[PDB]
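Reviewing the structure listed below.
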Amino acid sequence: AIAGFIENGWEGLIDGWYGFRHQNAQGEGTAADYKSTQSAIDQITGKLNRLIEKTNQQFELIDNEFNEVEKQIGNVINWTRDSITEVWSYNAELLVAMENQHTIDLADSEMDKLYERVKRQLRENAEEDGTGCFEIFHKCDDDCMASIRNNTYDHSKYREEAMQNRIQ
Amino acid sequence: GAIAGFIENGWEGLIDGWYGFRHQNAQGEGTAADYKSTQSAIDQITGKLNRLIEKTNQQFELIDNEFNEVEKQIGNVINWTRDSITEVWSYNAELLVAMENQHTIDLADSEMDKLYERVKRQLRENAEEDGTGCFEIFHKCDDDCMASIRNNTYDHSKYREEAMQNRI
Amino acid sequence: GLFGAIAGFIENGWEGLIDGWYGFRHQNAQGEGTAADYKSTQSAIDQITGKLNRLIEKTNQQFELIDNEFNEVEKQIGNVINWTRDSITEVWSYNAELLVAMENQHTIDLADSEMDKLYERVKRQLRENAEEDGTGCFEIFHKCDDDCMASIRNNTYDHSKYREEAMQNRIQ
Amino acid sequence: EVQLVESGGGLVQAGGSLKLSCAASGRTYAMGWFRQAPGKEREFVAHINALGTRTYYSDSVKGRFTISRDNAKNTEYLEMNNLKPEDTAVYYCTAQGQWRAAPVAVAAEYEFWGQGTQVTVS
Amino acid sequence: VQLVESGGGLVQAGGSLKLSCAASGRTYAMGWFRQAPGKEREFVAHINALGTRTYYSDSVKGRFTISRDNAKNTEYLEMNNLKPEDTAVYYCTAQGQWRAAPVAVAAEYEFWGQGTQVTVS
Amino acid sequence: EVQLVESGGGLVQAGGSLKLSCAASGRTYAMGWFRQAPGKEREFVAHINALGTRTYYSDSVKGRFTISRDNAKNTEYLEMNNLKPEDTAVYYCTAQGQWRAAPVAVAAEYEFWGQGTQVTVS
Amino acid sequence: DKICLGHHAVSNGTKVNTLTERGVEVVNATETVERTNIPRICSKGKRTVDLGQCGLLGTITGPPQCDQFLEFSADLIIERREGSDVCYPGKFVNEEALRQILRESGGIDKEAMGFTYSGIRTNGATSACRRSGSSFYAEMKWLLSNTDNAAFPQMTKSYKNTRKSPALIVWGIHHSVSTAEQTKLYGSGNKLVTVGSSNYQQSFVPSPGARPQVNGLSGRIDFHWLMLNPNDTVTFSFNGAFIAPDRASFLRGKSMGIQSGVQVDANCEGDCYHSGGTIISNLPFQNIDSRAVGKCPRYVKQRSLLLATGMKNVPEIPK
Amino acid sequence: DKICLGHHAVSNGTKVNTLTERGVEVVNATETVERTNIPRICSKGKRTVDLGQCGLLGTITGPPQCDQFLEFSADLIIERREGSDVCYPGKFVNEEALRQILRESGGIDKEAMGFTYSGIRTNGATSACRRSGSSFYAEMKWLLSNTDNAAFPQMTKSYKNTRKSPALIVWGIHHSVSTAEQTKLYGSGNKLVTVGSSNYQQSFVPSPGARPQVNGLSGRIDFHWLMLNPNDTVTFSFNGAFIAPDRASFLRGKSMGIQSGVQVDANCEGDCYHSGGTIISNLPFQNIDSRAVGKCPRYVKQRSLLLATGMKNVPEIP
Amino acid sequence: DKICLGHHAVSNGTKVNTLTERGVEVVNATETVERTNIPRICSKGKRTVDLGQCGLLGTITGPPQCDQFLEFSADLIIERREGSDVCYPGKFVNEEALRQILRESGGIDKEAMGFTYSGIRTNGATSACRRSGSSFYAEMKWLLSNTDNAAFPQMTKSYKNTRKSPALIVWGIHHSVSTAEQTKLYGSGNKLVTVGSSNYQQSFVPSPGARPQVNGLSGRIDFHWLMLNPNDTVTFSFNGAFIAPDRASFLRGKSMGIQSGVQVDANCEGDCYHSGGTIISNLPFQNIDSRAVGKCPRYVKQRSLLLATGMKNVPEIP
Ligand SMILES: *[C@@H]1O[C@H](CO)[C@@H](O[C@@H]2O[C@H](CO)[C@@H](O)[C@H](O)[C@H]2NC(C)=O)[C@H](O)[C@H]1NC(C)=O
Ligand SMILES: *[C@@H]1O[C@H](CO)[C@@H](O[C@@H]2O[C@H](CO)[C@@H](O)[C@H](O)[C@H]2NC(C)=O)[C@H](O)[C@H]1NC(C)=O
Ligand SMILES: *[C@@H]1O[C@H](CO)[C@@H](O[C@@H]2O[C@H](CO)[C@@H](O)[C@H](O)[C@H]2NC(C)=O)[C@H](O)[C@H]1NC(C)=O
Ligand SMILES: *[C@@H]1O[C@H](CO)[C@@H](O)[C@H](O)[C@H]1NC(C)=O
Ligand SMILES: *[C@@H]1O[C@H](CO)[C@@H](O)[C@H](O)[C@H]1NC(C)=O
Ligand SMILES: *[C@@H]1O[C@H](CO)[C@@H](O)[C@H](O)[C@H]1NC(C)=O
Ligand SMILES: *[C@@H]1O[C@H](CO)[C@@H](O)[C@H](O)[C@H]1NC(C)=O
Ligand SMILES: *[C@@H]1O[C@H](CO)[C@@H](O)[C@H](O)[C@H]1NC(C)=O
Ligand SMILES: *[C@@H]1O[C@H](CO)[C@@H](O)[C@H](O)[C@H]1NC(C)=O
Ligand SMILES: *[C@@H]1O[C@H](CO)[C@@H](O)[C@H](O)[C@H]1NC(C)=O
Ligand SMILES: *[C@@H]1O[C@H](CO)[C@@H](O)[C@H](O)[C@H]1NC(C)=O
Ligand SMILES: *[C@@H]1O[C@H](CO)[C@@H](O)[C@H](O)[C@H]1NC(C)=O
Ligand code: NA
Ligand code: NA
Ligand code: NA
Ligand code: NA
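Chains as they are written, first to last, in the entry's author numbering: chain E, 5 to 172; chain H, 4 to 171; chain B, 1 to 172; chain C, 1 to 32, 36 to 52, 52A, 53 to 82, 82A to 82C, 83 to 100, 100A to 100I, 101 to 112; chain I, 2 to 32, 36 to 52, 52A, 53 to 82, 82A to 82C, 83 to 100, 100A to 100I, 101 to 112; chain F, 1 to 32, 36 to 52, 52A, 53 to 82, 82A to 82C, 83 to 100, 100A to 100I, 101 to 112; chain A, 11 to 141, 143 to 158, 158A to 158B, 159 to 328; chain G, 11 to 141, 143 to 158, 158A to 158B, 159 to 327; chain D, 11 to 141, 143 to 158, 158A to 158B, 159 to 327.
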């Protein structure tokens, strides 16, 4: 028996982030979906490109490690630096937390989009089993499955056979 | 005595939960809370509140004087630095609250959608959406049948034949 | 593709839609027509306007000079000032870039959200009288004339009137 | 171009009320009201979107003023209750010519302006 | 609603202990706090109404396990690898309704137990 | 495993154009181009994702260079228009062997490298 | 029969940046970083003083170039590069702190301190401060011995601030070219000046020595200052080399001070200034001047940050 | 026949702000900016010293109001507005730097420097420093000639810091009201005081003159200080007008200093202080005092920033 | 019969933090905070000077330990803890301001000031500045009377800056241990030194007195400095106790200065330095040293902040 994304992820799916898993008379098979995989990767790559951008602003020493500067100016400096450190520590924590939330959400959105795409090609030829799978009401062989994956599946071809099976 | 779902409005009478069910049948009207969805929304918001309450361990000391004012030049530098920091935190605080509030509202109506879609899937071909966030069931569903929908033990194949005849 | 074929929003914008951000385009025996939807357009604009009201504003905090262009201040205090100012510039430059990127991400998403909501509303009123063609359109299984099309646009379409005609058309 | 004509301004006693109206000629979308007191800059007062479903107000004006519109008459309205001496100014109605998302309180974001109508509060 | 702590005692450093809180009435989110002499009440652990999520203090995380049984209307705190800084009076807490609030704030809980002494050495 | 071979480098006049190609033997996903001027570090130039649906460029190169690929021929291309004297360098094509989310401008993120082809701009 | 849902698009749209993509096209965008400068000082509704040849510190001591400003009132003060604080060669000690105090003073109000003298000359003058002849600082008095090399008596002068706001007090120390010249002006012997208040305590000694000539003069006058609290007294003890204050200063209210090389404009109104002009903008950021003062957008490194004001631009599939 | 999905709502909800909208109603919200102040100093678990009339710098020199604080130990130091560092009129050079050193000192430990004198008066006193009669600074000595107008001998005194931590050393230069008065106390002639260490060398000449009366005296004292490294010596060379140290100071450990005008409370515990009291809060921000010290929420300009803790409120239709 | 949609997963994934959840599992994550340090100074492509025993301020006056650096050129300057600015005991006034000026100088260019003397000894030397015997600062001159206890002439020297950039000018004031030695070097009587420019005027008097012995010497030299603007003149008036400059200094261009305790490395290239080494990283943040200088990632308190680079991890379960 096979189950979709609603219930669980697939630890056996390779060469992709998202994919298809089918069940028919010929047997069981699993194949990755490139369009969905590429889309999620593109967005995360965009985040990583932003992350490694470096400042061109140079900073020099304004205090001294060997001979301590005067106390008053020294306390102003230590207080200023600590305030800035507080600001960047907050930004860093917020940035990562914000981005991680968005990354998880965008990855889930790609899953939904893949699901909606397939549901639409299948039309009235299949029904949702509630676990992220489609029960197909006609005989769908490996070539028929391959046609669904590469978006050449024609619902009108199997429609009448499927609607008959659906009714009884 | 007609009833309507979330798309139309909220329920001021739902008391033991954030989300729930409201049904209409021969026995009468009834309302029941959904614990899983309610708990999930609360989980996300509490986690958010947990971050907010986290406290800094950074200590700050006095660098100026309330009783005897420090020298004017260093005093103006201090006041200028502190006010700049105040601007940054005022911006962060304003942005943080606005950002979080947008997210909280979105996650809350997002939990509503998941509950709606889950019910739609278990009902299968036995019901239709009335456009107000409700399902019109095309077979006879009594209090026990309604309870089966709420606790996710409803079997669509049992009422399928009756419902398909009534629908068509 | 085919002669006089129309397609929806999925992977496709309409460069000919002029009196709105969102709209309807229909196909029937009388011909083709296109009309904007004001409610959805106004809604998207309201959200972006709300965003702009918050963003396009400057502080009421005043700042004065702490150094001098004509006669340079003493070297040590001058370096502390320059170091502090540059640190602040780094913070705001970072905030500004992050803010704009963050808002732009949200603006694009909310715009696609209004499209979906309009799509879902129409799907809800049409009921069992139509099917989704997968490109953002509905194939209607009954005769829908200009008046019928208008009823779909202004949310007064009654599915019960055309249901039996439509359901037979779907079955055979 | 769209033409805007203000009317309904006048002298009035403190605590009294007044109703301004703006007659437009041409297609208007989002509209609003600005005012200018002598020697000052044009100040935002109120904004209504193209459909009249949403309104915005200044903090000094909120709760006392009501902006509204009639798309049949192509007209805009500003109902001013509980008038105060600081409300004394020349009031301008403003309008945008297309669907647009822009900050409501910024004068430059409106391309069509009226001649103005004087409002004086004793 | 009434809360009753039990299971406190003396125990050796590195040893383990199991506390239990018996509730009478409907409880939702629950938790554990502790108080050492001359100190303020300190958050220890929190479990939500359904028992699907748990929260711990940083000084406590990884060593303690909080759990609940809604059938017995009971809460549990499993304390493994105990150390001397764990010595305190322990209180179980409960909320009477659905609530979104920071778990580490004592004021956010309306129901408190009487307390049970735990001594580690 | 995967081997990359550059071709199409040469001498060229300032403002002129040139087109580089990378022939791969083996499975490639995301690919890119780097360049190195004498005595300097390898510098990012362009990146194309595995499907060829999205491209990235360095700021000094954007608007002048175009990266493309043919997955049937297992080939990568870099079309260089409006060449400048600072474009003079050895150009390397790069490739990743699996699906990967990584910053495109980092050389270490690519495990397969060509030997390079000289481009001299006069 | 078919009904379709869609959204508008444009042939060429503006490129903006998002969290996950750089240079994605949107239907419309607006700038958030101000680059447009108004090359004038926008002063509408503000009492503006253009100091010109007068230096800000000069308004306190009163060289000839600062005569029309000895009691100025302003909301906005404008310093110029050609401004000078002095006539007789010298400088203010802690000069920048004082400038900062005066930039936000709102102008100054001068009151006589009531010092009277006996057995000395109070009419010391120089050709450096030419005011229809040899003169001196309008607010100061150059105290000398009656005759050359005559003894300067030991004196004590005190002043009480009987006003409600603090008083700005300024005095000068004269540095002669030689010990011999100092003896000629104030008599022989060591010269000492002590200045005291409730919260201020300092002493000053002149340092006679050869200096490079400025406008032909090798002497120097160094100005010092303190803030005298209400109902407090300042006491001056001196036996020579002392430039005494004639009037004390009081701050009027609140103002803004800027340094600029551009013209004033009473017709435009602004609140954010820099040396090159006025930044009049509603945008939250600016890339014009990091040292802009007033109520300003925040300075950023970036010249442009485009904010999307429309949806993603999606081209139409060919018919 | 029919089953519906829905969410809860309230008759009247709280208004909050989001990214795209101002004043949107939600079921519930909570404050993030603290405005609630405790008008007391919560010092529980902290060794607290309330200086009162004693000024912080007074603990080093020892005026009468600072006798009970000459060797204090503390975790928390509290200055008051009525505090005074002096009895005899005078001032510290680099005073604020010294205050900052002392605020974080953890208190001070005093050690005798072992100075002995011969042929001079060491009992210099004034009615300004009332200690059961005319007195002087408890840790200082006012050195005088035996008789009026007598020559003050040229003297040299040295002290070696033999502890592990640096030693705070303070001395004074006396400025008489007149040249005559200076001569009366220390004899005629030029007066010079030289202070020397391994890393410090300065010279001082008294400047006799009239100053405004503070506590009835027109004379002034200039207090100077240095930090003396371990195993280093400070040498005092002087011919008059010298206020000599009797004891040196040593910093105990670590502390924090605050300035306040409100009462102390040993029963409550806190970590964030300002002049108006203690900020005890779980909120991330505060709008009470921008100059608060300790472990504090960050200061912001806004009084209120409401955080949504519930879903959007959508009223029910009749 | 059946087709399913799904996503990949791993048995054990990396834990990361989000806005609503702490420690949620994702398929993969990467670090954003740099903790890895290179314990060397990476100087490739930078003109590097390692001062060693030489102190930065020493490069202007020229003690023996600074001879190979009197006219150095650099992009990167490295100070060491064992560095010393002096040979004969003393210190620079406003020392730290001068160090900052020199750290960014790009090196110095020395030009002769053209001072000539007659009837005077210019060869004053000491065993503290030992160069195969008694010597002195390479850029300074110790002026003496011709014979012991002989009167030192009254002198006046002037120098005009005819270059386009400001000139760094340094001079010294000698503080003898006693009046007797001061008399031996410069003759009896009061000794006065005056330094004057267009914007500077000050006087200095030697203060004979006992100081603790440093290098067996109780005397001190006070180094003072000013910046002489182009076309300006400095005037020196003195009758003794004056250490005269022989050469003025000019700043070459642009550089950055660091303080470090680790060795230099010409093989690696870097731009971010601290006392412990060089930070080479693409990460936006670092947790190594808050006082790092150059072009650096920003310092943060957190040691680790993991950024998700993959989807949420949902394990497969039968
Ligand atoms: C985006 O919005 C701006 C408004 O800021 C539009 O700017 C208008 O541009 C046209 C020319 O294309 C001018 O004739 C108008 O005067 C401009 N309006 C204003 C108020 O200045 C711009 O056209 C919009 N772009 C799109 C594609 O809609
Ligand atoms: C202004 O200062 C004077 C003197 O400094 C104050 O007068 C003194 O007041 C105290 C207490 O009232 C008396 O003991 C003194 O004898 C007074 N001295 C003189 C000279 O009058 C006066 O109170 C101060 N005024 C204000 C408003 O602070
Ligand atoms: C500094 O002095 C030099 C020389 O006195 C000035 O250079 C002269 O400038 C004038 C004005 O153009 C020329 O006529 C001379 O030929 C220049 N002479 C030399 C030798 O360069 C210089 O302008 C002065 N600079 C300042 C700031 O005063
Ligand atoms: C600043 O902080 C450093 C390290 O924390 C410390 O060594 C130094 O003494 C401090 N400066 C002052 C003036 O306290
Ligand atoms: C899609 O798969 C079917 C089934 O093998 C195949 O016949 C067809 O050529 C494929 N189309 C494409 C574009 O790969
Ligand atoms: C700094 O600000 C405080 C409080 O705003 C004020 O009392 C003080 O006078 C200011 N300092 C200076 C030097 O202006
Ligand atoms: C679900 O509800 C039905 C209807 O009452 C009941 O028979 C069944 O036991 C319930 N199952 C669970 C797990 O609560
Ligand atoms: C501070 O920066 C300004 C502008 O870059 C520069 O002119 C000035 O010299 C700098 N100050 C110091 C002390 O380096
Ligand atoms: C909707 O359109 C239909 C068909 O034109 C029309 O009869 C009806 O009046 C319209 N309703 C509204 C509210 O405009
Ligand atoms: C709303 O939230 C507050 C916390 O700010 C809480 O005290 C109150 O009990 C809540 N009210 C309701 C009705 O949930
Ligand atoms: C100081 O001297 C003592 C005894 O002479 C010695 O034990 C100690 O090590 C010395 N410490 C230093 C830092 O010289
Ligand atoms: C996860 O990402 C890292 C980069 O941070 C990469 O080196 C590694 O190969 C990836 N895969 C696994 C299984 O960690
Ligand atoms: Na990509
Ligand atoms: Na004090
Ligand atoms: Na404040
Ligand atoms: Na040095």
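Positions of the beta carbon are idealized from the N, C-alpha and C atoms, including for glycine.
Query raised in the report: For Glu131 of chain H and chain E, any beta-carbon pair shorter than 8 Å?
Result: Reading the second sequence from its first residue, position 128 is the one you call residue 131 of chain H. No, because no Cβ of chain E sits closer than 8 Å to the Cβ of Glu131 of chain H.
Query - Own chain residues within Cβ distance below 7 Å of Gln27 of chain H, not counting five before or after - result: Translated into the one-based positions of the second sequence, residue 27 of chain H becomes position 24. Hits under 7 Å: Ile6.
Requested in this report: Please report the Cβ distance between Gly266 of chain G and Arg113 of chain G, rounded to the nearest whole angstrom; I am assuming they are in contact, meaning their Cβ atoms lie under 8 Å.
Outcome: In the eighth sequence, the residue the question calls residue 266 of chain G occupies position 257. In the eighth sequence, the residue the question calls residue 113 of chain G occupies position 103. Yes, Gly266 of chain G and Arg113 of chain G are in contact; Cβ-Cβ is about 3 Å, under 8 Å.
Query raised in the report: Hey, how far is the Cα of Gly10 of chain F from the Cα of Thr110 of chain F?
Result: Position 10 of the sixth sequence, counted from the first residue, corresponds to residue 10 of chain F. Position 120 of the sixth sequence, counted from the first residue, corresponds to residue 110 of chain F. So the alpha carbons of these two residues sit roughly 6 Å apart.
Requested in this report: Scan the segment 111 to 140 of chain G for residues whose Cβ lies nearer than 9 Å to a Cβ of chain H and list them as they occur along the chain.
Outcome: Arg113 and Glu114
Query raised in the report: Among residues of its own chain, excluding the 5 on either side of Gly205 of chain A, which ones have a beta-carbon nearer than 6 Å to its beta-carbon?
Result: Within the seventh sequence, numbered from 1, the residue matching residue 205 of chain A stands at position 196. Answer for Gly205 of chain A: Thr244, listed in chain order.
Requested in this report: Rounded to whole angstroms, what's the CA-CA distance from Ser246 of chain A to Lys43 of chain C? Just pull it up for me.
Outcome: On the seventh sequence, residue 246 of chain A is found 237 positions in, with the first residue counted as 1. On the fourth sequence, residue 43 of chain C is found 40 positions in, with the first residue counted as 1. If you take the alpha carbons of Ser246 of chain A and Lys43 of chain C, they lie about 53 Å apart.
Query raised in the report: How many Å lie between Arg85 of chain E and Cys139 of chain D at the Cα?
Result: Numbered from 1 along the first sequence, position 81 holds the residue referred to as residue 85 of chain E. Numbered from 1 along the ninth sequence, position 129 holds the residue referred to as residue 139 of chain D. If I take the Cα positions, the gap works out to 40 Å.
Query raised in the report: Mind checking whether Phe9 of chain E and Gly136 of chain E have CB atoms under 8 Å apart?
Result: In the first sequence, residue 9 of chain E corresponds to position 5, counting from 1. In the first sequence, residue 136 of chain E corresponds to position 132, counting from 1. The answer is yes: Cβ separation under 8 Å.
Query raised in the report: Mind checking whether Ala160 of chain D and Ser146 of chain D have CB atoms under 8 Å apart?
Result: Stepping through the ninth sequence from its first residue, residue 160 of chain D is reached at position 151. Stepping through the ninth sequence from its first residue, residue 146 of chain D is reached at position 135. No, the pair does not count as a contact, with Cβ atoms beyond the cut-off.
Query - Listed by chain order, chain A residues near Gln105 of chain B by CB distance under 8 Å - result: Taking the first residue of the third sequence as position 1, residue 105 of chain B is located at position 105. Neighbours of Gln105 of chain B on chain A, chain order: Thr28, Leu29 and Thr30.
Query raised in the report: For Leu18 of chain I versus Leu82C of chain I, is the C-beta spacing smaller than 8 Å?
Result: As a first step, residue 18 of chain I must be located in the fifth sequence, where it is residue number 17. As a first step, residue 82C of chain I must be located in the fifth sequence, where it is residue number 82. Yes; because the gap between Cβ atoms is below 8 Å, this pair is in contact.
Query raised in the report: Relative to the alpha-carbon of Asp241 of chain D, which residue among D:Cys64, D:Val20 and D:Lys169 has its alpha-carbon at the smallest distance?
Result: Taking the first residue of the ninth sequence as position 1, residue 241 of chain D is located at position 232. Ranking D:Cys64, D:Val20 and D:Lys169 by Cα distance to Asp241 of chain D puts D:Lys169 first.
**Report entry** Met164 of chain G in three-state terms, based on DSSP
**Finding:** Locating residue 164 of chain G in the eighth sequence gives position 155, where the first residue counts as 1. In this structure, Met164 of chain G counts as strand in the three-state DSSP scheme.
Requested in this report: Pull up the CB-CB distance for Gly72 of chain G and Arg261 of chain G, whole angstroms please, since I reckon it's below 8 Å.
Outcome: Your numbering for residue 72 of chain G matches position 62 in the eighth sequence. Your numbering for residue 261 of chain G matches position 252 in the eighth sequence. 17 Å between Cβ atoms; not a contact.
Query - Distance cut-off 7 Å: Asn154 of chain H Cβ against heavy atoms of ligand 7 - result: Within the second sequence, the letter at position 151 stands for residue 154 of chain H. Result yes, Cβ under 7 Å from ligand 7.
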